[PDB]
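One file, model05.txt, carrying compact mmCIF, C-alpha atoms and all ligand atoms:
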```txt
# COMPACT_ATOMS: atom_id res chain seq x y z
CA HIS C 1 -168.09 -42.68 24.17
CA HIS C 2 -166.91 -42.29 20.56
CA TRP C 3 -163.28 -42.29 19.49
CA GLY C 4 -161.10 -39.21 19.67
CA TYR C 5 -157.67 -38.08 20.83
CA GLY C 6 -158.11 -37.82 24.61
CA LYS C 7 -156.81 -40.07 27.46
CA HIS C 8 -160.05 -41.86 27.57
CA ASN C 9 -160.80 -42.37 23.87
CA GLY C 10 -157.51 -41.79 22.07
CA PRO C 11 -155.28 -44.01 19.90
CA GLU C 12 -154.49 -46.63 22.51
CA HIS C 13 -158.24 -47.33 22.81
CA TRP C 14 -159.18 -47.57 19.17
CA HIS C 15 -158.45 -51.31 18.79
CA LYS C 16 -161.49 -52.22 20.91
CA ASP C 17 -163.94 -50.89 18.34
CA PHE C 18 -161.60 -51.22 15.32
CA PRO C 19 -159.41 -54.35 15.70
CA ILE C 20 -157.65 -53.51 12.44
CA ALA C 21 -155.78 -51.00 14.65
CA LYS C 22 -153.36 -53.85 15.39
CA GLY C 23 -153.18 -54.93 11.73
CA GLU C 24 -150.36 -55.61 9.31
CA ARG C 25 -150.26 -52.31 7.38
CA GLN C 26 -151.16 -49.55 9.88
CA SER C 27 -150.18 -45.88 9.59
CA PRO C 28 -148.41 -43.69 10.39
CA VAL C 29 -144.88 -45.10 10.73
CA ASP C 30 -141.44 -43.86 11.56
CA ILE C 31 -139.41 -43.39 8.37
CA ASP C 32 -135.92 -44.67 9.03
CA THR C 33 -134.05 -42.72 6.36
CA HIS C 34 -131.03 -45.00 6.46
CA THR C 35 -133.13 -48.20 5.86
CA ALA C 36 -135.42 -46.72 3.18
CA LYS C 37 -134.10 -47.89 -0.13
CA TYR C 38 -133.85 -45.88 -3.25
CA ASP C 39 -136.07 -47.40 -5.94
CA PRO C 40 -134.96 -46.34 -9.45
CA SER C 41 -138.20 -47.82 -10.84
CA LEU C 42 -140.25 -45.14 -9.03
CA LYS C 43 -141.50 -42.28 -11.18
CA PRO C 44 -141.60 -38.56 -10.42
CA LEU C 45 -144.91 -37.73 -8.82
CA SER C 46 -147.45 -36.00 -11.09
CA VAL C 47 -149.46 -33.51 -9.02
CA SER C 48 -152.00 -31.88 -11.36
CA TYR C 49 -153.89 -29.28 -9.30
CA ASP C 50 -154.35 -26.51 -11.93
CA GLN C 51 -158.10 -27.19 -12.22
CA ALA C 52 -158.79 -27.88 -8.51
CA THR C 53 -162.23 -26.72 -7.33
CA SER C 54 -162.40 -26.18 -3.56
CA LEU C 55 -165.89 -25.92 -2.13
CA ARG C 56 -166.10 -25.82 1.66
CA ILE C 57 -164.19 -26.10 4.91
CA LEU C 58 -165.65 -28.17 7.78
CA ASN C 59 -164.68 -28.63 11.43
CA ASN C 60 -165.59 -32.31 11.91
CA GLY C 61 -164.65 -32.42 15.62
CA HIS C 62 -161.33 -34.24 14.90
CA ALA C 63 -159.66 -31.90 12.37
CA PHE C 64 -160.82 -29.53 9.66
CA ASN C 65 -161.31 -30.68 6.11
CA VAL C 66 -161.00 -28.51 2.99
CA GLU C 67 -163.31 -30.30 0.51
CA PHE C 68 -163.06 -30.35 -3.28
CA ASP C 69 -165.33 -31.09 -6.21
CA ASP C 70 -164.44 -34.63 -7.12
CA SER C 71 -167.33 -35.23 -9.55
CA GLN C 72 -164.97 -34.85 -12.49
CA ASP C 73 -161.25 -35.36 -13.15
CA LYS C 74 -159.95 -31.96 -12.09
CA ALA C 75 -157.26 -32.20 -9.43
CA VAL C 76 -155.42 -35.51 -9.72
CA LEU C 77 -152.37 -37.34 -8.46
CA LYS C 78 -150.66 -39.97 -10.59
CA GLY C 79 -147.24 -41.39 -11.32
CA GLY C 80 -144.79 -41.95 -8.50
CA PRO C 81 -145.64 -45.44 -7.12
CA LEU C 82 -149.21 -45.27 -8.40
CA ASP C 83 -150.99 -47.08 -11.20
CA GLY C 84 -153.87 -45.06 -12.52
CA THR C 85 -155.42 -41.80 -11.54
CA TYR C 86 -156.40 -40.58 -8.08
CA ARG C 87 -158.80 -37.66 -7.58
CA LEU C 88 -158.32 -35.10 -4.80
CA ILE C 89 -161.31 -35.14 -2.43
CA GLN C 90 -160.09 -33.27 0.65
CA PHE C 91 -157.10 -32.13 2.65
CA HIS C 92 -156.65 -31.77 6.39
CA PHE C 93 -153.92 -31.42 8.97
CA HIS C 94 -152.68 -33.00 12.18
CA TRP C 95 -150.90 -30.78 14.72
CA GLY C 96 -149.59 -30.48 18.23
CA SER C 97 -150.12 -28.52 21.43
CA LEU C 98 -146.41 -27.50 21.13
CA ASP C 99 -144.14 -26.99 18.14
CA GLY C 100 -142.12 -30.13 19.02
CA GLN C 101 -144.96 -32.53 18.20
CA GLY C 102 -147.97 -32.92 15.91
CA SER C 103 -146.87 -34.89 12.85
CA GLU C 104 -148.09 -38.46 12.41
CA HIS C 105 -145.17 -39.75 10.38
CA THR C 106 -141.75 -39.23 11.92
CA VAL C 107 -138.33 -39.11 10.24
CA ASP C 108 -135.63 -40.95 12.20
CA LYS C 109 -137.96 -40.36 15.18
CA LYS C 110 -138.15 -36.56 14.52
CA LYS C 111 -141.61 -35.10 15.06
CA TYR C 112 -142.68 -32.08 13.03
CA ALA C 113 -145.09 -29.37 14.28
CA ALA C 114 -147.82 -30.55 11.92
CA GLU C 115 -148.57 -32.74 8.89
CA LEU C 116 -150.81 -32.00 5.90
CA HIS C 117 -152.68 -34.89 4.26
CA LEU C 118 -154.08 -34.47 0.70
CA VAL C 119 -156.48 -37.40 0.25
CA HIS C 120 -157.13 -38.83 -3.20
CA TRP C 121 -159.23 -41.78 -4.40
CA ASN C 122 -158.59 -44.25 -7.24
CA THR C 123 -161.02 -43.37 -10.04
CA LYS C 124 -161.05 -47.17 -11.11
CA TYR C 125 -163.45 -47.63 -8.14
CA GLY C 126 -166.00 -45.01 -9.18
CA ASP C 127 -166.50 -43.27 -5.81
CA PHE C 128 -164.64 -42.47 -2.58
CA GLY C 129 -166.75 -44.85 -0.50
CA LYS C 130 -165.99 -47.83 -2.76
CA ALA C 131 -162.31 -46.92 -3.00
CA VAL C 132 -161.79 -47.10 0.83
CA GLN C 133 -162.77 -50.79 0.62
CA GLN C 134 -159.84 -51.59 -1.66
CA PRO C 135 -156.13 -52.22 -0.97
CA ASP C 136 -155.16 -49.60 -3.56
CA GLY C 137 -158.21 -47.33 -3.04
CA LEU C 138 -156.51 -44.17 -1.73
CA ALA C 139 -153.33 -42.20 -2.23
CA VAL C 140 -152.49 -39.76 0.52
CA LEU C 141 -149.82 -37.12 -0.04
CA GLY C 142 -148.24 -36.21 3.29
CA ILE C 143 -146.32 -32.98 3.80
CA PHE C 144 -144.56 -32.02 7.03
CA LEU C 145 -144.85 -28.54 8.52
CA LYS C 146 -142.09 -26.86 10.50
CA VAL C 147 -142.34 -23.53 12.31
CA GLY C 148 -140.30 -20.73 10.76
CA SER C 149 -141.31 -18.36 7.95
CA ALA C 150 -145.02 -17.94 7.13
CA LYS C 151 -146.50 -19.96 4.26
CA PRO C 152 -148.40 -17.32 2.25
CA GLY C 153 -150.56 -19.96 0.52
CA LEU C 154 -151.77 -21.19 3.92
CA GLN C 155 -153.06 -17.81 5.12
CA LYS C 156 -156.52 -18.05 3.50
CA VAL C 157 -157.07 -21.26 5.48
CA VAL C 158 -155.84 -19.72 8.75
CA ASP C 159 -158.06 -16.73 8.30
CA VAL C 160 -161.32 -18.71 7.96
CA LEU C 161 -160.73 -20.84 11.10
CA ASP C 162 -162.41 -18.34 13.36
CA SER C 163 -165.68 -19.02 11.42
CA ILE C 164 -165.52 -22.82 12.04
CA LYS C 165 -164.33 -22.85 15.63
CA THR C 166 -166.49 -25.75 16.79
CA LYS C 167 -167.51 -29.22 15.69
CA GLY C 168 -170.10 -29.27 12.88
CA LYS C 169 -169.44 -25.71 11.66
CA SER C 170 -168.64 -25.20 7.99
CA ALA C 171 -167.91 -22.24 5.71
CA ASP C 172 -167.82 -21.65 1.98
CA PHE C 173 -164.23 -22.09 0.78
CA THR C 174 -164.12 -21.64 -2.99
CA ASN C 175 -161.20 -20.80 -5.21
CA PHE C 176 -158.51 -22.07 -2.88
CA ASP C 177 -155.40 -23.30 -4.72
CA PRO C 178 -153.67 -26.24 -2.96
CA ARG C 179 -150.57 -25.77 -5.09
CA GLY C 180 -149.65 -23.02 -2.60
CA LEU C 181 -149.18 -25.67 0.14
CA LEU C 182 -146.49 -27.70 -1.73
CA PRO C 183 -142.74 -27.47 -1.05
CA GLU C 184 -140.25 -26.90 -3.84
CA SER C 185 -139.14 -30.56 -4.17
CA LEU C 186 -141.42 -33.58 -4.83
CA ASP C 187 -138.84 -36.13 -3.58
CA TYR C 188 -140.77 -38.65 -1.48
CA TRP C 189 -140.91 -41.84 0.52
CA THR C 190 -143.70 -44.35 -0.14
CA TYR C 191 -145.13 -47.41 1.60
CA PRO C 192 -148.49 -49.24 1.88
CA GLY C 193 -150.56 -48.32 4.90
CA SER C 194 -153.86 -47.20 6.32
CA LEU C 195 -156.16 -44.37 7.35
CA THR C 196 -154.78 -42.89 10.57
CA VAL C 197 -158.18 -42.61 12.25
CA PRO C 198 -161.02 -45.12 12.64
CA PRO C 199 -162.07 -47.05 10.69
CA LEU C 200 -158.29 -47.47 10.12
CA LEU C 201 -158.84 -49.17 6.78
CA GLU C 202 -155.78 -50.63 5.04
CA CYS C 203 -156.49 -48.87 1.76
CA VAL C 204 -153.75 -46.21 1.46
CA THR C 205 -150.65 -45.79 -0.69
CA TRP C 206 -148.73 -43.29 1.38
CA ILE C 207 -146.51 -40.75 -0.36
CA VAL C 208 -144.65 -38.57 2.16
CA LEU C 209 -142.58 -35.65 0.79
CA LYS C 210 -139.07 -35.28 2.20
CA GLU C 211 -139.04 -31.48 2.14
CA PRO C 212 -141.17 -29.79 4.83
CA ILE C 213 -143.03 -26.55 4.30
CA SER C 214 -142.42 -23.65 6.70
CA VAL C 215 -145.37 -22.04 8.45
CA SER C 216 -145.22 -19.26 11.02
CA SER C 217 -145.70 -19.57 14.74
CA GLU C 218 -148.79 -17.35 14.37
CA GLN C 219 -150.28 -19.59 11.70
CA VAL C 220 -150.03 -22.79 13.78
CA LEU C 221 -151.19 -20.90 16.93
CA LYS C 222 -154.42 -20.22 15.04
CA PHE C 223 -154.89 -23.94 14.34
CA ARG C 224 -154.58 -24.51 18.12
CA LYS C 225 -157.51 -22.15 18.80
CA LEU C 226 -159.97 -24.51 17.12
CA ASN C 227 -162.18 -26.70 19.29
CA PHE C 228 -163.00 -30.41 19.28
CA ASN C 229 -166.29 -29.69 21.05
CA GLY C 230 -169.53 -28.37 19.59
CA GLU C 231 -170.91 -24.89 20.23
CA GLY C 232 -172.25 -24.46 23.73
CA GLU C 233 -170.13 -27.30 25.19
CA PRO C 234 -167.05 -26.99 27.45
CA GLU C 235 -164.05 -25.91 25.44
CA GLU C 236 -161.60 -28.62 24.42
CA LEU C 237 -158.84 -27.14 22.28
CA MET C 238 -158.25 -29.02 19.03
CA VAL C 239 -154.61 -29.95 19.60
CA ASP C 240 -152.61 -33.18 19.49
CA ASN C 241 -154.92 -34.78 16.93
CA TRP C 242 -152.19 -37.18 15.76
CA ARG C 243 -151.82 -40.96 15.96
CA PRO C 244 -148.33 -42.19 17.01
CA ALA C 245 -146.07 -44.27 14.79
CA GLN C 246 -147.24 -47.88 14.39
CA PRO C 247 -145.15 -51.07 13.85
CA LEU C 248 -143.69 -51.31 10.34
CA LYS C 249 -144.19 -55.10 10.29
CA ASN C 250 -143.50 -56.71 6.99
CA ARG C 251 -143.11 -53.48 5.04
CA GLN C 252 -140.42 -51.66 3.06
CA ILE C 253 -140.35 -47.90 2.72
CA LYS C 254 -139.05 -46.89 -0.70
CA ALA C 255 -137.34 -43.58 -1.56
CA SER C 256 -137.74 -41.77 -4.87
CA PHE C 257 -134.34 -40.15 -4.50
CA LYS C 258 -130.58 -40.63 -4.00
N1 LIG C 301 -155.13 -39.26 8.11
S1 LIG C 301 -156.58 -39.69 7.41
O1 LIG C 301 -156.61 -39.43 5.95
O2 LIG C 301 -156.77 -41.11 7.82
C1 LIG C 301 -157.88 -38.71 8.16
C2 LIG C 301 -157.76 -38.23 9.45
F1 LIG C 301 -156.71 -38.63 10.18
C3 LIG C 301 -158.71 -37.41 9.99
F2 LIG C 301 -158.49 -37.03 11.27
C4 LIG C 301 -159.86 -37.10 9.30
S2 LIG C 301 -161.03 -36.03 10.16
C5 LIG C 301 -162.56 -37.01 9.90
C6 LIG C 301 -162.49 -38.25 10.75
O3 LIG C 301 -163.74 -38.91 10.51
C7 LIG C 301 -159.99 -37.52 7.98
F3 LIG C 301 -161.08 -37.14 7.26
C8 LIG C 301 -159.02 -38.33 7.39
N2 LIG C 301 -159.28 -38.78 6.08
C9 LIG C 301 -160.44 -39.68 5.85
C10 LIG C 301 -160.41 -40.19 4.42
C11 LIG C 301 -161.25 -41.49 4.28
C12 LIG C 301 -162.79 -41.37 4.34
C13 LIG C 301 -163.45 -41.01 5.69
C14 LIG C 301 -162.92 -41.87 6.82
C15 LIG C 301 -161.84 -41.16 7.63
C16 LIG C 301 -160.49 -40.79 6.95
NA NA C 302 -169.96 -32.63 -11.78
ZN ZN C 303 -154.64 -37.34 8.13
```
Whole structure given in structure tokens:
Amino acid sequence: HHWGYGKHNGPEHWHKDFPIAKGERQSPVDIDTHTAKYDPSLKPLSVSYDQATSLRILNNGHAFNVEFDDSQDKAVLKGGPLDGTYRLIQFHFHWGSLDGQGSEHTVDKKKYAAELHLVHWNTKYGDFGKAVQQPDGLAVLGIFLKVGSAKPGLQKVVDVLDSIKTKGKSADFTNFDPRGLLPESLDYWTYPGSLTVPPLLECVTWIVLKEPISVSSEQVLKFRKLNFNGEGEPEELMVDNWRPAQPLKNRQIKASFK
């Protein structure tokens, strides 16, 4: 009876195994755009993905992860609210059964169809497993997806999904350039928070871009053909793998713009 997204094991259940679910800096949150304050001390984000080395794509039974070589400083995030250098380790998405839901963060209560998370770890901590134990261990770049025009840079991901339909399947996924998933503007909101799945560790600096990317209806429909189950088990479509907004508590969301 492990955690997941269903009625019986979904977000409202997680606190029983992971009491940090009711903690002081949980994610995601609603971003109230009128309360978020512009912070002129924030810096432009530096997203340096030119040397990114993708390796593999894995259906882990919750989402799919596109994994990178993080054994040297290749693809890094710095600047913005961050001190120091964070190395890209993986990205993944959260999405809905319908276009009107699927994002984890919300903007003035608006849900997007999906949300991309590029996960990076603080190189001061030496590895990804040590970084998750630290209050400033991770930096996650969050990008909303809306349904409209296709995102050409997403198509290589969509096209491999049929090879990793079920939990525990993986496929080689080299030479994928994550710069093709970025919007035009790097304006962002930032706040301190957590992983959005168990173990729900409070180790994340969240950086959520204001400008969504557009993906096509066909692209997101392909995400919704994946399965949470393993091969040879009853089919459970991988949809609605998002945690709802959590209490902001004693936190301020800062804006890099306006
Ligand atoms: N939003 S997120 O970054 O918290 C996240 C998901 F929501 C996911 F659904 C997943 S799928 C694997 C769950 O074990 C994920 F890897 C991450 N990223 C992981 C990075 C930390 C190291 C592994 C522990 C799980 C979170
Ligand atoms: Na290496
Ligand atoms: Zn995520």
Residue among C:196, C:256, C:133, C:214 lying closest to residue 62 of chain C, counting all atoms listed in the file: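 Of the candidates, the smallest distance to residue 62 of chain C is held by C:196.
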Would you mind listing, for every residue of chain C within 7 Å of ligand ZN 303 (chain C), the two atoms forming the shortest contact and the distance between them in Å to one decimal, using only C-alpha atoms and all ligand atoms, sorted by chain and ascending residue number, as JSON lines?
```
{"residue": "C:92", "atom": "CA", "partner": "C:ZN303", "partner_atom": "ZN", "distance": 6.2}
{"residue": "C:93", "atom": "CA", "partner": "C:ZN303", "partner_atom": "ZN", "distance": 6.0}
{"residue": "C:94", "atom": "CA", "partner": "C:ZN303", "partner_atom": "ZN", "distance": 6.3}
{"residue": "C:116", "atom": "CA", "partner": "C:ZN303", "partner_atom": "ZN", "distance": 6.9}
{"residue": "C:117", "atom": "CA", "partner": "C:ZN303", "partner_atom": "ZN", "distance": 5.0}
{"residue": "C:196", "atom": "CA", "partner": "C:ZN303", "partner_atom": "ZN", "distance": 6.1}
```
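One finds atom CA of residue 240 of chain C at 21.1 Å from atom CA of residue 206 of chain C.
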Margin query: Here is a test: counting only C-alpha atoms and all ligand atoms, which residue of C:69, C:202, C:184, C:12 is nearest to ligand LIG 301 (chain C)?
Written below: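 Of C:69, C:202, C:184, C:12, the one nearest ligand LIG 301 (chain C) is C:202, counting only C-alpha atoms and all ligand atoms.
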Please return as an mmCIF file with C-alpha atoms, in the coordinates of the input the residues found within 8 Å of ligand NA 302 (chain C), counting all atoms listed in the file.
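Writing done, so here's result-v8.cif:
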```cif
data_model
loop_
_atom_site.group_PDB
_atom_site.id
_atom_site.type_symbol
_atom_site.label_atom_id
_atom_site.label_comp_id
_atom_site.auth_asym_id
_atom_site.auth_seq_id
_atom_site.Cartn_x
_atom_site.Cartn_y
_atom_site.Cartn_z
ATOM 1 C CA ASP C 69 -165.330 -31.090 -6.210
ATOM 2 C CA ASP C 70 -164.440 -34.630 -7.120
ATOM 3 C CA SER C 71 -167.330 -35.230 -9.550
ATOM 4 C CA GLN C 72 -164.970 -34.850 -12.490
#
```
(request) Report as a list in words which protein, DNA and RNA residues come within 8 Å of ligand LIG 301 (chain C), using all atoms listed in the file. (result)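 Within the 8 Å cut-off, the matching residues are residues 60, 61, 62, 63, 64, 65, 90, 91, 92, 93, 94, 117, 118, 119, 128, 129, 132, 140, 194, 195, 196, 197, 198, 199, 200, 241, 242 and 243 of chain C.
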Open item on the list: With all atoms listed in the file as the counted atoms, please give the residues lying no more than 8 Å from residue 179 of chain C, apart from itself and same-chain residues fewer than 3 positions off, as a PyMOL selection string.
Closed with: chain C and resi 49-50+182
Residue subset to file, keeping C-alpha atoms, as a short mmCIF file (atom, residue, chain, number, x, y, z; two decimals), keeping the file's coordinate frame:
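result_7.cif, written as the output of this step:
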```
data_model
loop_
_atom_site.label_atom_id
_atom_site.label_comp_id
_atom_site.auth_asym_id
_atom_site.auth_seq_id
_atom_site.Cartn_x
_atom_site.Cartn_y
_atom_site.Cartn_z
CA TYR C 49 -153.89 -29.28 -9.30
CA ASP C 50 -154.35 -26.51 -11.93
CA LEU C 182 -146.49 -27.70 -1.73
#
```
* Could you give me, as a list in words, the residues that sit within 8 Å of (-147.7, -58.0, 10.4) in the file's coordinates, counting only C-alpha atoms? =>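 The residues near that point, listed by chain and number, are residues 23, 24, 25, 248, 249 and 250 of chain C.
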- Query: Which residues, written as number ranges by chain, have at least one atom at most 7 Å from residue 158 of chain C, with only C-alpha atoms counted and residues fewer than 3 positions away on the same chain left out?
  - Reply: C: 154-155, 161, 219, 222
Go ahead and find all residues with at least one atom no further than 12 Å from (-163.2, -46.5, -7.0) in the file's coordinates, using only C-alpha atoms; report them as number ranges by chain. C: 70, 84-87, 120-139, 203
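Using all atoms listed in the file, the smallest distance between any of C:55, C:141, C:147, C:220 and residue 177 of chain C comes from C:55.
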Q. Which one is closest to residue 230 of chain C: C:143, C:47, C:164, C:21? Count all atoms listed in the file.
A.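 Among the listed residues, C:164 lies closest to residue 230 of chain C.
The coordinates place atom CA of residue 209 of chain C at 23.1 Å from atom CA of residue 97 of chain C.
Minimum atom-to-atom distance to residue 170 of chain C, evaluated using all atoms listed in the file, belongs to C:59 out of C:9, C:27, C:53, C:59.
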Residue rebuild result segment 134-156 of chain C, N, CA, C and O atoms as a PDB file, in the coordinates of the input:
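Saved the output as out01.pdb:
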```pdb
ATOM      1  N   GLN C 134    -160.784 -50.894  -0.780  1.00  0.00           N
ATOM      2  CA  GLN C 134    -159.840 -51.590  -1.660  1.00  0.00           C
ATOM      3  C   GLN C 134    -158.412 -51.322  -1.216  1.00  0.00           C
ATOM      4  O   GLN C 134    -158.111 -50.219  -0.751  1.00  0.00           O
ATOM      5  N   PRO C 135    -157.520 -52.318  -1.397  1.00  0.00           N
ATOM      6  CA  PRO C 135    -156.130 -52.220  -0.970  1.00  0.00           C
ATOM      7  C   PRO C 135    -155.339 -51.095  -1.625  1.00  0.00           C
ATOM      8  O   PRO C 135    -154.391 -50.591  -1.013  1.00  0.00           O
ATOM      9  N   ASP C 136    -155.762 -50.714  -2.835  1.00  0.00           N
ATOM     10  CA  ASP C 136    -155.160 -49.600  -3.560  1.00  0.00           C
ATOM     11  C   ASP C 136    -156.183 -48.486  -3.801  1.00  0.00           C
ATOM     12  O   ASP C 136    -156.158 -47.846  -4.842  1.00  0.00           O
ATOM     13  N   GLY C 137    -157.102 -48.263  -2.853  1.00  0.00           N
ATOM     14  CA  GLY C 137    -158.210 -47.330  -3.040  1.00  0.00           C
ATOM     15  C   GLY C 137    -157.808 -45.849  -2.915  1.00  0.00           C
ATOM     16  O   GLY C 137    -158.399 -45.001  -3.594  1.00  0.00           O
ATOM     17  N   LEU C 138    -156.853 -45.564  -2.010  1.00  0.00           N
ATOM     18  CA  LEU C 138    -156.510 -44.170  -1.730  1.00  0.00           C
ATOM     19  C   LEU C 138    -155.027 -43.946  -1.926  1.00  0.00           C
ATOM     20  O   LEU C 138    -154.220 -44.860  -1.804  1.00  0.00           O
ATOM     21  N   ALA C 139    -154.706 -42.675  -2.241  1.00  0.00           N
ATOM     22  CA  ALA C 139    -153.330 -42.200  -2.230  1.00  0.00           C
ATOM     23  C   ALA C 139    -153.342 -40.928  -1.392  1.00  0.00           C
ATOM     24  O   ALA C 139    -154.125 -40.022  -1.649  1.00  0.00           O
ATOM     25  N   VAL C 140    -152.556 -40.950  -0.304  1.00  0.00           N
ATOM     26  CA  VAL C 140    -152.490 -39.760   0.520  1.00  0.00           C
ATOM     27  C   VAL C 140    -151.103 -39.163   0.411  1.00  0.00           C
ATOM     28  O   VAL C 140    -150.101 -39.861   0.622  1.00  0.00           O
ATOM     29  N   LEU C 141    -151.054 -37.882   0.016  1.00  0.00           N
ATOM     30  CA  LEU C 141    -149.820 -37.120  -0.040  1.00  0.00           C
ATOM     31  C   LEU C 141    -149.635 -36.418   1.299  1.00  0.00           C
ATOM     32  O   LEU C 141    -150.484 -35.597   1.696  1.00  0.00           O
ATOM     33  N   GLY C 142    -148.514 -36.763   1.971  1.00  0.00           N
ATOM     34  CA  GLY C 142    -148.240 -36.210   3.290  1.00  0.00           C
ATOM     35  C   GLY C 142    -147.116 -35.193   3.215  1.00  0.00           C
ATOM     36  O   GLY C 142    -146.144 -35.460   2.530  1.00  0.00           O
ATOM     37  N   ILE C 143    -147.332 -34.043   3.872  1.00  0.00           N
ATOM     38  CA  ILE C 143    -146.320 -32.980   3.800  1.00  0.00           C
ATOM     39  C   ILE C 143    -146.113 -32.508   5.225  1.00  0.00           C
ATOM     40  O   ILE C 143    -147.035 -32.118   5.923  1.00  0.00           O
ATOM     41  N   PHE C 144    -144.846 -32.494   5.665  1.00  0.00           N
ATOM     42  CA  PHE C 144    -144.560 -32.020   7.030  1.00  0.00           C
ATOM     43  C   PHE C 144    -144.552 -30.497   7.099  1.00  0.00           C
ATOM     44  O   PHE C 144    -144.181 -29.829   6.129  1.00  0.00           O
ATOM     45  N   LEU C 145    -144.989 -29.974   8.250  1.00  0.00           N
ATOM     46  CA  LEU C 145    -144.850 -28.540   8.520  1.00  0.00           C
ATOM     47  C   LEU C 145    -143.886 -28.314   9.681  1.00  0.00           C
ATOM     48  O   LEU C 145    -143.977 -28.970  10.726  1.00  0.00           O
ATOM     49  N   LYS C 146    -142.959 -27.353   9.446  1.00  0.00           N
ATOM     50  CA  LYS C 146    -142.090 -26.860  10.500  1.00  0.00           C
ATOM     51  C   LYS C 146    -142.372 -25.380  10.724  1.00  0.00           C
ATOM     52  O   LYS C 146    -142.903 -24.694   9.847  1.00  0.00           O
ATOM     53  N   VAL C 147    -142.087 -24.927  11.955  1.00  0.00           N
ATOM     54  CA  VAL C 147    -142.340 -23.530  12.310  1.00  0.00           C
ATOM     55  C   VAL C 147    -141.125 -22.675  11.954  1.00  0.00           C
ATOM     56  O   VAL C 147    -140.024 -22.899  12.455  1.00  0.00           O
ATOM     57  N   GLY C 148    -141.357 -21.653  11.133  1.00  0.00           N
ATOM     58  CA  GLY C 148    -140.300 -20.730  10.760  1.00  0.00           C
ATOM     59  C   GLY C 148    -140.965 -19.554  10.065  1.00  0.00           C
ATOM     60  O   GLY C 148    -141.772 -18.869  10.684  1.00  0.00           O
ATOM     61  N   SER C 149    -140.668 -19.395   8.769  1.00  0.00           N
ATOM     62  CA  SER C 149    -141.310 -18.360   7.950  1.00  0.00           C
ATOM     63  C   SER C 149    -142.747 -18.726   7.594  1.00  0.00           C
ATOM     64  O   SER C 149    -143.059 -19.895   7.365  1.00  0.00           O
ATOM     65  N   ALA C 150    -143.635 -17.715   7.541  1.00  0.00           N
ATOM     66  CA  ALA C 150    -145.020 -17.940   7.130  1.00  0.00           C
ATOM     67  C   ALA C 150    -145.113 -18.596   5.754  1.00  0.00           C
ATOM     68  O   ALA C 150    -144.266 -18.393   4.876  1.00  0.00           O
ATOM     69  N   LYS C 151    -146.170 -19.401   5.567  1.00  0.00           N
ATOM     70  CA  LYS C 151    -146.500 -19.960   4.260  1.00  0.00           C
ATOM     71  C   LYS C 151    -147.645 -19.143   3.685  1.00  0.00           C
ATOM     72  O   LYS C 151    -148.764 -19.148   4.172  1.00  0.00           O
ATOM     73  N   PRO C 152    -147.361 -18.255   2.708  1.00  0.00           N
ATOM     74  CA  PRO C 152    -148.400 -17.320   2.250  1.00  0.00           C
ATOM     75  C   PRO C 152    -149.643 -18.056   1.758  1.00  0.00           C
ATOM     76  O   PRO C 152    -150.749 -17.603   2.023  1.00  0.00           O
ATOM     77  N   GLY C 153    -149.465 -19.227   1.145  1.00  0.00           N
ATOM     78  CA  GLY C 153    -150.560 -19.960   0.520  1.00  0.00           C
ATOM     79  C   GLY C 153    -151.436 -20.641   1.572  1.00  0.00           C
ATOM     80  O   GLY C 153    -152.523 -21.157   1.264  1.00  0.00           O
ATOM     81  N   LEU C 154    -150.958 -20.653   2.817  1.00  0.00           N
ATOM     82  CA  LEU C 154    -151.770 -21.190   3.920  1.00  0.00           C
ATOM     83  C   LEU C 154    -152.668 -20.145   4.561  1.00  0.00           C
ATOM     84  O   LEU C 154    -153.596 -20.468   5.304  1.00  0.00           O
ATOM     85  N   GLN C 155    -152.393 -18.845   4.338  1.00  0.00           N
ATOM     86  CA  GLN C 155    -153.060 -17.810   5.120  1.00  0.00           C
ATOM     87  C   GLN C 155    -154.576 -17.790   4.891  1.00  0.00           C
ATOM     88  O   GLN C 155    -155.294 -17.605   5.851  1.00  0.00           O
ATOM     89  N   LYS C 156    -155.071 -18.069   3.674  1.00  0.00           N
ATOM     90  CA  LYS C 156    -156.520 -18.050   3.500  1.00  0.00           C
ATOM     91  C   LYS C 156    -157.204 -19.137   4.356  1.00  0.00           C
ATOM     92  O   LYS C 156    -158.305 -18.963   4.805  1.00  0.00           O
TER      93      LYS C 156
END
```
